[PDB]
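Visitor: Sharing entry.csv, CSV, C-alpha atoms and all ligand atoms:
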```csv
chain,number,residue,atom,x,y,z
A,1,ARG,CA,0.0,0.0,0.0
A,2,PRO,CA,1.3,3.5,-0.8
A,3,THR,CA,1.1,6.5,1.5
A,4,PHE,CA,-1.7,9.1,1.4
A,5,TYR,CA,-2.1,12.8,2.0
A,6,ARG,CA,-5.3,14.8,2.5
A,7,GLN,CA,-6.7,18.2,1.5
A,8,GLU,CA,-9.9,20.2,1.1
A,9,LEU,CA,-10.6,21.3,-2.5
A,10,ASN,CA,-13.7,23.5,-2.9
A,11,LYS,CA,-16.0,21.8,-0.3
A,12,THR,CA,-14.8,18.3,-1.2
A,13,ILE,CA,-12.1,16.6,0.8
A,14,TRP,CA,-9.5,14.4,-1.0
A,15,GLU,CA,-7.3,11.6,0.2
A,16,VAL,CA,-5.0,10.4,-2.6
A,17,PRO,CA,-1.5,8.8,-2.9
A,18,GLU,CA,1.5,11.0,-2.8
A,19,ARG,CA,2.3,10.2,-6.5
A,20,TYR,CA,-0.6,12.4,-7.6
A,21,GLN,CA,0.4,16.0,-7.0
A,22,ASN,CA,-1.0,19.5,-7.8
A,23,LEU,CA,-4.6,18.5,-7.7
A,24,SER,CA,-6.8,21.3,-9.1
A,25,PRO,CA,-10.6,21.2,-9.4
A,26,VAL,CA,-11.8,20.7,-12.9
A,27,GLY,CA,-15.6,20.6,-12.2
A,28,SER,CA,-18.2,18.7,-10.2
A,29,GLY,CA,-21.8,17.5,-10.3
A,30,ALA,CA,-23.7,14.2,-10.3
A,31,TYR,CA,-20.9,11.9,-11.4
A,32,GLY,CA,-18.7,13.1,-8.5
A,33,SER,CA,-15.8,15.5,-8.4
A,34,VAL,CA,-12.9,15.6,-10.9
A,35,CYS,CA,-9.4,17.0,-10.3
A,36,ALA,CA,-6.6,17.4,-12.8
A,37,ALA,CA,-3.3,16.1,-11.3
A,38,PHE,CA,0.3,15.2,-12.2
A,39,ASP,CA,1.3,11.6,-11.7
A,40,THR,CA,4.9,11.5,-10.6
A,41,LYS,CA,5.3,7.7,-11.1
A,42,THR,CA,4.7,8.0,-14.8
A,43,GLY,CA,5.1,11.7,-15.6
A,44,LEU,CA,1.5,11.8,-16.9
A,45,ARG,CA,-1.1,14.5,-16.4
A,46,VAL,CA,-4.1,12.6,-15.1
A,47,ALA,CA,-7.7,13.2,-14.3
A,48,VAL,CA,-8.9,12.0,-10.9
A,49,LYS,CA,-12.6,11.4,-10.2
A,50,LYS,CA,-13.9,11.0,-6.7
A,51,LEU,CA,-17.3,9.3,-6.8
A,52,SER,CA,-20.1,11.0,-4.8
A,53,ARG,CA,-21.5,8.8,-2.0
A,54,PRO,CA,-20.7,5.6,-3.9
A,55,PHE,CA,-22.4,3.3,-1.4
A,56,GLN,CA,-25.2,5.5,-0.1
A,57,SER,CA,-28.0,3.5,-1.7
A,58,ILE,CA,-28.5,0.3,-3.7
A,59,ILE,CA,-28.7,2.4,-6.9
A,60,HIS,CA,-25.5,4.3,-6.0
A,61,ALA,CA,-23.7,1.1,-5.1
A,62,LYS,CA,-24.7,-0.7,-8.3
A,63,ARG,CA,-23.9,2.4,-10.4
A,64,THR,CA,-20.4,2.5,-8.7
A,65,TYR,CA,-19.8,-1.2,-9.5
A,66,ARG,CA,-21.1,-0.6,-13.1
A,67,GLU,CA,-18.7,2.3,-13.8
A,68,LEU,CA,-15.7,0.5,-12.4
A,69,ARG,CA,-16.4,-2.7,-14.3
A,70,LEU,CA,-16.8,-0.7,-17.5
A,71,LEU,CA,-13.7,1.4,-17.1
A,72,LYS,CA,-11.6,-1.6,-16.2
A,73,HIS,CA,-12.7,-3.4,-19.5
A,74,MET,CA,-12.1,-0.6,-22.0
A,75,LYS,CA,-8.6,-0.9,-23.5
A,76,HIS,CA,-8.7,1.2,-26.7
A,77,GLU,CA,-6.9,4.4,-27.9
A,78,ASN,CA,-10.2,6.3,-28.5
A,79,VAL,CA,-12.0,5.2,-25.2
A,80,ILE,CA,-11.1,6.3,-21.7
A,81,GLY,CA,-9.4,3.6,-19.7
A,82,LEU,CA,-8.3,3.1,-16.1
A,83,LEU,CA,-4.8,4.2,-15.2
A,84,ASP,CA,-5.5,3.5,-11.5
A,85,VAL,CA,-8.3,3.0,-9.0
A,86,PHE,CA,-7.7,3.4,-5.3
A,87,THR,CA,-9.4,3.9,-1.9
A,88,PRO,CA,-7.8,5.3,1.3
A,89,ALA,CA,-9.6,2.6,3.4
A,90,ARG,CA,-7.4,-0.3,4.4
A,91,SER,CA,-10.3,-2.8,4.9
A,92,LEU,CA,-13.7,-3.5,3.4
A,93,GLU,CA,-15.3,-2.3,6.7
A,94,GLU,CA,-13.8,1.2,6.2
A,95,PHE,CA,-14.2,1.2,2.4
A,96,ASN,CA,-16.4,4.2,1.7
A,97,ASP,CA,-14.7,6.2,-1.1
A,98,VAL,CA,-13.6,5.4,-4.6
A,99,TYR,CA,-11.2,7.4,-6.8
A,100,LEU,CA,-10.7,6.7,-10.5
A,101,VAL,CA,-7.7,7.9,-12.6
A,102,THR,CA,-7.4,8.3,-16.4
A,103,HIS,CA,-5.2,10.3,-18.8
A,104,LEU,CA,-6.0,14.0,-18.8
A,105,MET,CA,-7.0,15.3,-22.2
A,106,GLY,CA,-6.5,18.9,-23.4
A,107,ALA,CA,-10.0,20.1,-24.2
A,108,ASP,CA,-13.5,18.8,-24.8
A,109,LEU,CA,-15.2,19.1,-28.2
A,110,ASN,CA,-17.6,21.7,-26.8
A,111,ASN,CA,-14.7,24.1,-26.5
A,112,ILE,CA,-13.3,23.4,-30.0
A,113,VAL,CA,-16.6,23.9,-31.8
A,114,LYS,CA,-17.1,27.4,-30.4
A,115,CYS,CA,-13.6,28.7,-30.1
A,116,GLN,CA,-12.9,28.0,-33.8
A,117,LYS,CA,-14.5,26.6,-37.0
A,118,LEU,CA,-13.4,23.2,-38.0
A,119,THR,CA,-12.0,22.2,-41.4
A,120,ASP,CA,-13.3,19.2,-43.3
A,121,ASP,CA,-10.0,17.3,-42.6
A,122,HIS,CA,-10.4,17.8,-38.8
A,123,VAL,CA,-14.0,16.7,-39.0
A,124,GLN,CA,-12.8,13.5,-40.9
A,125,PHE,CA,-10.2,12.7,-38.3
A,126,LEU,CA,-12.4,13.5,-35.3
A,127,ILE,CA,-15.5,11.5,-36.5
A,128,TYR,CA,-13.2,8.7,-37.7
A,129,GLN,CA,-11.9,8.3,-34.1
A,130,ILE,CA,-15.3,8.4,-32.5
A,131,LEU,CA,-16.5,5.7,-34.8
A,132,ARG,CA,-13.4,3.7,-34.2
A,133,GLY,CA,-14.0,3.9,-30.5
A,134,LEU,CA,-17.7,3.2,-30.9
A,135,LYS,CA,-16.9,0.1,-33.0
A,136,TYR,CA,-14.9,-1.3,-30.0
A,137,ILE,CA,-17.6,-0.3,-27.5
A,138,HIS,CA,-20.4,-1.8,-29.5
A,139,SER,CA,-18.5,-5.0,-30.1
A,140,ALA,CA,-18.7,-5.6,-26.3
A,141,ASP,CA,-22.5,-5.2,-26.5
A,142,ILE,CA,-22.2,-1.9,-24.7
A,143,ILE,CA,-24.2,1.2,-25.7
A,144,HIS,CA,-22.8,4.6,-24.7
A,145,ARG,CA,-26.2,6.4,-24.7
A,146,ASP,CA,-24.8,9.8,-23.9
A,147,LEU,CA,-22.6,10.7,-26.8
A,148,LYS,CA,-22.3,14.5,-27.0
A,149,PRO,CA,-19.5,17.1,-27.5
A,150,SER,CA,-18.9,17.4,-23.7
A,151,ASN,CA,-18.3,13.7,-23.5
A,152,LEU,CA,-15.6,13.8,-26.1
A,153,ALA,CA,-12.1,15.0,-25.3
A,154,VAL,CA,-9.3,15.8,-27.7
A,155,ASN,CA,-5.6,16.7,-27.1
A,156,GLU,CA,-3.5,19.1,-29.1
A,157,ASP,CA,-2.4,16.2,-31.4
A,158,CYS,CA,-6.2,16.2,-32.4
A,159,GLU,CA,-6.3,12.7,-30.8
A,160,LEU,CA,-9.8,11.9,-29.4
A,161,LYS,CA,-11.3,9.9,-26.6
A,162,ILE,CA,-14.8,9.0,-25.7
A,163,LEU,CA,-15.5,9.6,-22.1
A,164,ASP,CA,-18.2,9.0,-19.4
A,165,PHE,CA,-20.6,6.4,-20.7
A,166,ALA,CA,-24.3,6.9,-19.9
A,167,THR,CA,-34.7,17.9,-24.7
A,168,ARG,CA,-31.3,16.4,-25.4
A,169,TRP,CA,-30.1,17.6,-28.7
A,170,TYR,CA,-28.0,14.5,-29.6
A,171,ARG,CA,-30.5,11.7,-28.6
A,172,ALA,CA,-32.0,9.3,-31.1
A,173,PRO,CA,-35.7,10.0,-31.8
A,174,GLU,CA,-36.7,6.4,-30.9
A,175,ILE,CA,-35.8,7.6,-27.3
A,176,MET,CA,-37.7,10.9,-27.6
A,177,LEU,CA,-40.6,8.5,-28.3
A,178,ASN,CA,-39.6,6.4,-25.3
A,179,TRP,CA,-39.2,3.1,-27.3
A,180,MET,CA,-38.2,0.5,-24.8
A,181,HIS,CA,-36.0,-1.6,-27.2
A,182,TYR,CA,-33.6,0.9,-28.8
A,183,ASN,CA,-30.3,-0.6,-30.0
A,184,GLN,CA,-26.7,0.3,-30.4
A,185,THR,CA,-27.4,2.7,-33.4
A,186,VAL,CA,-28.8,5.3,-31.0
A,187,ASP,CA,-25.1,6.1,-30.7
A,188,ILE,CA,-24.7,6.5,-34.4
A,189,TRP,CA,-27.6,9.0,-34.4
A,190,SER,CA,-25.6,11.0,-31.8
A,191,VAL,CA,-22.5,10.9,-34.0
A,192,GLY,CA,-24.6,12.2,-36.9
A,193,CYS,CA,-25.8,15.1,-34.8
A,194,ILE,CA,-22.2,15.8,-33.6
A,195,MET,CA,-20.6,15.7,-37.1
A,196,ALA,CA,-23.3,18.0,-38.4
A,197,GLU,CA,-22.5,20.5,-35.7
A,198,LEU,CA,-18.7,20.3,-36.5
A,199,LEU,CA,-19.5,21.1,-40.1
A,200,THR,CA,-21.9,24.0,-39.6
A,201,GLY,CA,-20.9,25.3,-36.1
A,202,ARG,CA,-24.6,25.0,-35.2
A,203,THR,CA,-26.6,22.6,-33.0
A,204,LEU,CA,-28.5,20.4,-35.5
A,205,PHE,CA,-31.6,19.8,-33.3
A,206,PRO,CA,-31.7,22.4,-30.5
A,207,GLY,CA,-35.1,21.3,-29.1
A,208,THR,CA,-36.7,22.6,-26.0
A,209,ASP,CA,-38.3,19.4,-24.8
A,210,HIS,CA,-39.1,15.8,-26.0
A,211,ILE,CA,-42.0,17.1,-28.3
A,212,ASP,CA,-40.1,20.0,-29.8
A,213,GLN,CA,-37.1,17.8,-30.2
A,214,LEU,CA,-39.0,15.2,-32.3
A,215,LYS,CA,-40.5,18.0,-34.4
A,216,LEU,CA,-37.1,19.4,-35.3
A,217,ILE,CA,-35.9,15.9,-36.3
A,218,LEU,CA,-38.9,15.1,-38.5
A,219,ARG,CA,-38.5,18.5,-40.3
A,220,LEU,CA,-35.1,17.4,-41.5
A,221,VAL,CA,-35.6,13.7,-42.2
A,222,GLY,CA,-39.3,13.7,-42.8
A,223,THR,CA,-42.2,11.9,-41.2
A,224,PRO,CA,-41.9,8.1,-40.9
A,225,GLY,CA,-42.9,6.0,-43.9
A,226,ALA,CA,-45.1,3.0,-43.8
A,227,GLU,CA,-42.3,0.5,-43.3
A,228,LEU,CA,-41.3,2.3,-40.1
A,229,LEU,CA,-44.9,3.0,-38.9
A,230,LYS,CA,-45.4,-0.8,-39.0
A,231,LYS,CA,-42.8,-1.2,-36.3
A,232,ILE,CA,-44.3,1.2,-33.7
A,233,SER,CA,-46.2,-0.6,-31.0
A,234,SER,CA,-47.1,2.4,-28.8
A,235,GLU,CA,-50.6,3.5,-29.9
A,236,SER,CA,-50.2,7.1,-28.7
A,237,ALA,CA,-46.9,7.3,-30.6
A,238,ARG,CA,-48.6,5.8,-33.7
A,239,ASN,CA,-51.5,8.2,-33.4
A,240,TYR,CA,-49.3,11.3,-32.9
A,241,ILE,CA,-47.3,10.5,-36.0
A,242,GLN,CA,-50.2,9.6,-38.2
A,243,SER,CA,-51.9,12.9,-37.3
A,244,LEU,CA,-49.0,15.4,-38.0
A,245,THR,CA,-49.0,17.5,-41.1
A,246,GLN,CA,-46.8,15.2,-43.1
A,247,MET,CA,-43.4,16.3,-44.3
A,248,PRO,CA,-40.8,15.2,-46.8
A,249,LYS,CA,-37.2,14.2,-46.3
A,250,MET,CA,-35.2,17.3,-47.0
A,251,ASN,CA,-32.3,17.0,-49.3
A,252,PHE,CA,-29.2,17.0,-47.1
A,253,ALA,CA,-27.0,18.6,-49.8
A,254,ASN,CA,-29.2,21.6,-49.6
A,255,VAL,CA,-29.2,21.8,-45.8
A,256,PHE,CA,-25.4,21.3,-45.5
A,257,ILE,CA,-24.3,23.4,-48.5
A,258,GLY,CA,-20.6,23.8,-49.1
A,259,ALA,CA,-19.9,20.6,-47.2
A,260,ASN,CA,-17.9,17.7,-48.7
A,261,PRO,CA,-20.4,15.6,-50.6
A,262,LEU,CA,-19.0,12.5,-48.9
A,263,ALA,CA,-19.7,14.1,-45.5
A,264,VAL,CA,-23.2,14.7,-46.6
A,265,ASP,CA,-23.7,11.2,-47.9
A,266,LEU,CA,-22.4,9.7,-44.6
A,267,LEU,CA,-24.8,12.1,-42.7
A,268,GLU,CA,-27.7,10.7,-44.7
A,269,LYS,CA,-26.7,7.2,-43.7
A,270,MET,CA,-26.4,8.1,-40.0
A,271,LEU,CA,-29.5,10.2,-39.5
A,272,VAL,CA,-32.1,7.7,-40.7
A,273,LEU,CA,-35.3,7.7,-38.7
A,274,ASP,CA,-35.6,3.9,-38.9
A,275,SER,CA,-33.0,2.4,-36.6
A,276,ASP,CA,-32.8,-0.9,-38.4
A,277,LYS,CA,-31.6,1.1,-41.5
A,278,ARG,CA,-29.0,3.3,-39.7
A,279,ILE,CA,-25.4,2.7,-40.6
A,280,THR,CA,-23.3,0.8,-38.0
A,281,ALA,CA,-20.0,2.0,-36.7
A,282,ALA,CA,-18.1,-0.8,-38.5
A,283,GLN,CA,-19.7,0.0,-41.8
A,284,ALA,CA,-19.2,3.8,-41.3
A,285,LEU,CA,-15.5,3.4,-40.8
A,286,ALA,CA,-15.3,2.0,-44.4
A,287,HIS,CA,-17.2,4.9,-45.9
A,288,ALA,CA,-15.2,6.8,-48.5
A,289,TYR,CA,-15.2,9.9,-46.3
A,290,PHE,CA,-12.6,8.2,-44.1
A,291,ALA,CA,-10.4,6.7,-46.9
A,292,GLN,CA,-7.5,8.8,-45.7
A,293,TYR,CA,-7.7,7.1,-42.3
A,294,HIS,CA,-9.5,3.8,-42.5
A,295,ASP,CA,-7.3,0.7,-41.9
A,296,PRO,CA,-9.3,-2.5,-41.4
A,297,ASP,CA,-6.4,-4.1,-39.5
A,298,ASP,CA,-6.1,-1.3,-37.0
A,299,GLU,CA,-9.8,-1.0,-35.9
A,300,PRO,CA,-10.0,-3.6,-33.2
A,301,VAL,CA,-12.9,-5.1,-31.3
A,302,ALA,CA,-13.2,-5.7,-27.5
A,303,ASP,CA,-12.9,-8.9,-25.5
A,304,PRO,CA,-16.3,-10.1,-24.4
A,305,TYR,CA,-17.8,-8.2,-21.4
A,306,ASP,CA,-19.9,-10.0,-18.8
A,307,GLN,CA,-22.9,-7.8,-18.0
A,308,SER,CA,-24.9,-10.4,-16.2
A,309,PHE,CA,-24.6,-8.4,-13.0
A,310,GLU,CA,-27.0,-5.9,-14.5
A,311,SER,CA,-30.0,-8.1,-13.7
A,312,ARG,CA,-29.0,-8.8,-10.1
A,313,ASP,CA,-30.9,-7.6,-7.0
A,314,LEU,CA,-28.3,-7.4,-4.3
A,315,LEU,CA,-27.8,-5.6,-1.0
A,316,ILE,CA,-25.7,-2.5,-0.6
A,317,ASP,CA,-23.0,-4.4,1.3
A,318,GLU,CA,-22.9,-7.0,-1.5
A,319,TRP,CA,-22.5,-4.4,-4.3
A,320,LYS,CA,-19.9,-2.7,-2.1
A,321,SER,CA,-17.9,-5.9,-1.5
A,322,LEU,CA,-18.0,-6.6,-5.2
A,323,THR,CA,-16.6,-3.1,-5.9
A,324,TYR,CA,-13.8,-3.6,-3.3
A,325,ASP,CA,-12.9,-6.9,-5.0
A,326,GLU,CA,-12.5,-5.0,-8.3
A,327,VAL,CA,-10.3,-2.3,-6.7
A,328,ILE,CA,-7.9,-4.8,-5.3
A,329,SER,CA,-7.7,-7.0,-8.5
A,330,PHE,CA,-6.9,-4.0,-10.5
A,331,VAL,CA,-3.7,-4.4,-12.6
A,332,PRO,CA,-2.2,-1.1,-13.9
A,333,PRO,CA,-1.6,-1.2,-17.6
A,334,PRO,CA,1.9,-1.8,-19.0
A,335,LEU,CA,3.6,1.6,-18.7
A,401,LIG,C1,-19.4,15.8,-18.9
A,401,LIG,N1,-18.1,15.2,-18.3
A,401,LIG,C2,-17.1,16.3,-18.2
A,401,LIG,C3,-18.4,14.6,-17.0
A,401,LIG,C4,-17.2,14.6,-16.0
A,401,LIG,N2,-16.0,14.0,-16.7
A,401,LIG,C5,-14.8,14.7,-16.5
A,401,LIG,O1,-14.7,15.7,-15.8
A,401,LIG,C6,-13.6,14.1,-17.2
A,401,LIG,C7,-12.9,14.9,-18.1
A,401,LIG,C8,-11.7,14.4,-18.6
A,401,LIG,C9,-11.2,13.2,-18.2
A,401,LIG,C10,-10.0,13.1,-19.0
A,401,LIG,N3,-9.8,14.1,-19.8
A,401,LIG,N4,-10.9,14.9,-19.6
A,401,LIG,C11,-11.0,16.1,-20.5
A,401,LIG,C12,-11.1,17.4,-19.8
A,401,LIG,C13,-10.1,17.6,-18.7
A,401,LIG,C14,-10.2,18.9,-18.0
A,401,LIG,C15,-10.4,20.1,-19.0
A,401,LIG,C16,-10.1,19.6,-20.4
A,401,LIG,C17,-11.0,18.5,-20.8
A,401,LIG,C18,-11.8,12.4,-17.3
A,401,LIG,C19,-13.0,12.9,-16.7
A,401,LIG,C20,-13.8,12.0,-15.8
A,401,LIG,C21,-13.1,10.7,-15.4
A,401,LIG,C22,-13.4,9.5,-15.9
A,401,LIG,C23,-12.7,8.3,-15.5
A,401,LIG,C24,-11.6,8.5,-14.7
A,401,LIG,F1,-10.9,7.4,-14.3
A,401,LIG,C25,-11.2,9.7,-14.1
A,401,LIG,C26,-12.0,10.8,-14.5
A,401,LIG,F2,-11.7,12.0,-14.0
A,402,LIG,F1,-41.2,9.5,-35.3
A,402,LIG,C1,-40.5,8.4,-35.2
A,402,LIG,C2,-39.1,8.5,-34.9
A,402,LIG,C3,-38.3,7.4,-34.8
A,402,LIG,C4,-38.9,6.1,-34.9
A,402,LIG,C5,-38.1,4.9,-34.7
A,402,LIG,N1,-36.9,4.8,-35.4
A,402,LIG,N2,-36.4,3.7,-35.0
A,402,LIG,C6,-37.2,2.9,-34.2
A,402,LIG,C7,-38.3,3.7,-34.0
A,402,LIG,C8,-39.4,3.3,-33.1
A,402,LIG,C9,-40.1,4.2,-32.4
A,402,LIG,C10,-41.2,3.7,-31.6
A,402,LIG,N3,-41.5,2.5,-31.4
A,402,LIG,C11,-40.7,1.6,-32.0
A,402,LIG,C12,-39.7,1.9,-32.9
A,402,LIG,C13,-40.3,6.0,-35.1
A,402,LIG,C14,-41.1,7.1,-35.3
```
Please, can you express the file's structure as structure tokens?
Ligand SMILES: CN(C)CCNC(=O)c1cc2c(cnn2CC2CCCCC2)cc1Cc1ccc(F)cc1F
Ligand SMILES: Fc1ccc(-c2n[nH]cc2-c2ccncc2)cc1

Guide:
Amino acid sequence: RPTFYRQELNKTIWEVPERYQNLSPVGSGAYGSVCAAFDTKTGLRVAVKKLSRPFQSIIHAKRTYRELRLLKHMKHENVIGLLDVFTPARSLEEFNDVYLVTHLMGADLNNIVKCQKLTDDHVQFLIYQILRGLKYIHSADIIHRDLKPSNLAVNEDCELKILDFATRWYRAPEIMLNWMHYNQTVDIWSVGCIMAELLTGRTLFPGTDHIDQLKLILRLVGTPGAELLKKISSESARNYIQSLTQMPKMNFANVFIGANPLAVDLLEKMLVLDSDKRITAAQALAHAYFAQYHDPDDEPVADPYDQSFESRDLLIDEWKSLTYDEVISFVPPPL
């Protein structure tokens, strides 16, 4: 066991190993509290997240276990991974706090898309890396569910990482309709919304609520056709759609004028209303828009990921002991 030092940062208190120095608050909210730090063992600038009340309730305890299992499994250049996980407690009885460590990135995509306007080549490379990370995530039967600029970080090399899994302007419309069985291409919808925003500098669907959001989407891609209507079980959904002033699929080349025709074509394949017809991450990496970057032998998939715990009804102490197990079995990655 290493040796710890303590401090108060904002109103959070922090107990971390000596190796992590110069902790500076980066922001805080539901997830927990995040500090930037300098790792003296490796020389890396790292990001340290202290979970908020990880074992306060069954939902918190399960969510804590979920996040740690996920982060420990992701080993991919475009997906955040675990550099380290530690607790100050020396026993399971005292175990009450969890800190997670990952590489610190330079800026989030929210601060690139406002502070400058992005060239087509940057858009190619950035979307390529998202899709490459998404191919790996999806190959593990994992859905991100919350892809958006603020959950994407880039360094000065323009290298990109997807972070923090799970009216929202980037959410697939089958969720605005509350369909219970949405699939992994909800993430592709979000990528479509993001790439559109990098090309125009404007939010694509800046809706004010679930209803306004769906209306902005249908104005671009048009009302659902009969093949898609046949798949909607919800009678209220079905009725609301059949009794809207019907609208045609706009031509995307008109909407996204001046954009590379290949970027427009890919956008048409991502922002399809019917989720069964949406392009997948693996197929999108092979789209000609990414010819400059696509390499089928350097777009790996993930080892299988056991998500059986998701269906379990356990006590707080059981979720907590399972989390402790995962802290101790952690093997840092080869430096
Ligand atoms: C909307 N999100 C923000 C929710 C909260 N996520 C983070 O604050 C976060 C951001 C991260 C990183 C890494 N690089 N950057 C990009 C930032 C860095 C500060 C300013 C420039 C851009 C990590 C984490 C969170 C985090 C995850 C896992 C982990 F093991 C430790 C963690 F710390
Ligand atoms: F208006 C819309 C918008 C999206 C959809 C949709 N796309 N993919 C799947 C669905 C869907 C929606 C509701 N119920 C089942 C399936 C259906 C109607």

Visitor: Please produce, as CSV, a per-residue contact table for stretch 211-273 of chain A versus stretch 169-177 of chain A (criterion: any atom at most 12 Å away, only C-alpha atoms considered), showing the nearest atom pair and its distance in Å to one decimal, sorted by chain then residue number.

Guide:
```
residue,atom,partner,partner_atom,distance
A:211,CA,A:176,CA,7.6
A:212,CA,A:176,CA,9.7
A:213,CA,A:169,CA,7.2
A:214,CA,A:173,CA,6.2
A:215,CA,A:173,CA,9.7
A:216,CA,A:169,CA,9.8
A:217,CA,A:173,CA,7.4
A:218,CA,A:173,CA,9.0
A:221,CA,A:173,CA,11.0
A:223,CA,A:173,CA,11.6
A:224,CA,A:173,CA,11.2
A:228,CA,A:174,CA,11.1
A:229,CA,A:174,CA,11.9
A:231,CA,A:174,CA,11.1
A:232,CA,A:174,CA,9.6
A:233,CA,A:177,CA,11.0
A:234,CA,A:177,CA,8.9
A:235,CA,A:177,CA,11.3
A:236,CA,A:177,CA,9.7
A:237,CA,A:177,CA,6.8
A:238,CA,A:177,CA,10.0
A:240,CA,A:177,CA,10.2
A:241,CA,A:177,CA,10.4
A:270,CA,A:172,CA,10.6
A:271,CA,A:172,CA,8.8
A:272,CA,A:172,CA,9.7
A:273,CA,A:173,CA,7.3
```

Visitor: As an exercise, work out the distance from atom CA of residue A:108 to atom CA of residue A:155 in Å and give it to one decimal place.

Guide: 8.5 Å

Visitor: Please check which protein, DNA or RNA residues sit within 10 Å of ligand LIG 401 (chain A), counting all atoms listed in the file, and write them as a PyMOL selection string.

Guide: chain A and resi 24-37+45-51+67-68+71-72+80-85+99-111+146-155+160-165

Visitor: Could you tell me which of A:178, A:311, A:57, A:323 comes closest to ligand LIG 402 (chain A) if we count all atoms listed in the file?

Guide: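 The answer is A:178, which sits nearest to ligand LIG 402 (chain A).
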
Visitor: Determine the nearest neighbour of ligand LIG 402 (chain A) from the options A:2, A:222, A:54, A:192, counting all atoms listed in the file.

Guide: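 Closest residue, counting all atoms listed in the file: A:222.
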
Visitor: Applying 9 Å and all atoms listed in the file, which residues near residue A:124 remain after dropping the ones on its own chain fewer than 3 positions away? List them as a PyMOL selection string.

Guide: chain A and resi 119-121+127-129+195+263+289-290+292-293

Visitor: Please produce an output containing C-alpha atoms for each residue in the selection, written as an mmCIF file, in the coordinates of the input.

Guide:
```
data_model
loop_
_atom_site.group_PDB
_atom_site.id
_atom_site.type_symbol
_atom_site.label_atom_id
_atom_site.label_comp_id
_atom_site.auth_asym_id
_atom_site.auth_seq_id
_atom_site.Cartn_x
_atom_site.Cartn_y
_atom_site.Cartn_z
ATOM 1 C CA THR A 119 -12.000 22.200 -41.400
ATOM 2 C CA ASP A 120 -13.300 19.200 -43.300
ATOM 3 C CA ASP A 121 -10.000 17.300 -42.600
ATOM 4 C CA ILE A 127 -15.500 11.500 -36.500
ATOM 5 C CA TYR A 128 -13.200 8.700 -37.700
ATOM 6 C CA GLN A 129 -11.900 8.300 -34.100
ATOM 7 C CA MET A 195 -20.600 15.700 -37.100
ATOM 8 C CA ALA A 263 -19.700 14.100 -45.500
ATOM 9 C CA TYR A 289 -15.200 9.900 -46.300
ATOM 10 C CA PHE A 290 -12.600 8.200 -44.100
ATOM 11 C CA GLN A 292 -7.500 8.800 -45.700
ATOM 12 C CA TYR A 293 -7.700 7.100 -42.300
#
```

Visitor: With distances taken over only C-alpha atoms and all ligand atoms, which of A:181, A:66, A:11, A:117 is nearest to ligand LIG 402 (chain A)?

Guide: A:181

Visitor: At a cut-off of 9 Å, using only C-alpha atoms, what residues contact stretch 303-306 of chain A? Leave out same-chain residues fewer than 5 positions from it and give the result as an mmCIF file with C-alpha atoms, in the coordinates of the input.

Guide:
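Printed below is part_24.cif as written:
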```
data_model
loop_
_atom_site.group_PDB
_atom_site.id
_atom_site.type_symbol
_atom_site.label_atom_id
_atom_site.label_comp_id
_atom_site.auth_asym_id
_atom_site.auth_seq_id
_atom_site.Cartn_x
_atom_site.Cartn_y
_atom_site.Cartn_z
ATOM 1 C CA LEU A 70 -16.800 -0.700 -17.500
ATOM 2 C CA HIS A 73 -12.700 -3.400 -19.500
ATOM 3 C CA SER A 139 -18.500 -5.000 -30.100
ATOM 4 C CA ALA A 140 -18.700 -5.600 -26.300
ATOM 5 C CA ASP A 141 -22.500 -5.200 -26.500
ATOM 6 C CA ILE A 142 -22.200 -1.900 -24.700
#
```

Visitor: Hey, which of A:284, A:112, A:327, A:244 ends up closest to ligand LIG 402 (chain A)? Count all atoms listed in the file.

Guide: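 Smallest distance to ligand LIG 402 (chain A) is found for A:244.
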
Visitor: Between atom CA of residue A:275 and atom CA of residue A:167, what is the distance, to one decimal in Å?

Guide: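 Separation of atom CA of residue A:275 and atom CA of residue A:167: 19.6 Å.
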
Visitor: Please indicate the distance in Å from atom CA of residue A:87 to atom CA of residue A:133, rounded to one decimal place.

Guide: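 Computed distance, atom CA of residue A:87 to atom CA of residue A:133, equals 29.0 Å.
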
Visitor: Can you pull out every residue within 8 Å of residue A:39, counting all atoms listed in the file, but drop anything in the same chain fewer than 3 positions away, and send it as JSON, numbers by chain?

Guide: {"A": [19, 20, 21, 42, 43, 44, 45, 46]}

Visitor: Restricting the calculation to all atoms listed in the file: of A:182, A:86, A:62, A:286, which residue gets closest to residue A:313?

Guide: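 Nearest to residue A:313: A:62.
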
Visitor: Between A:250, A:166, A:328, A:126, single out the one closest to residue A:113, counting all atoms listed in the file.

Guide: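 Answer, going by the shortest atom-to-atom distance: A:126.
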
Visitor: For residue A:59, find every residue with an atom within 12 Å (counting all atoms listed in the file), except residues of its own chain fewer than 2 positions away, and show them as a list in words.

Guide: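 The residues satisfying every condition are residues 53, 54, 55, 56, 57, 61, 62, 63, 64, 65, 66, 310, 312, 313, 314, 315, 316, 319 and 320 of chain A.
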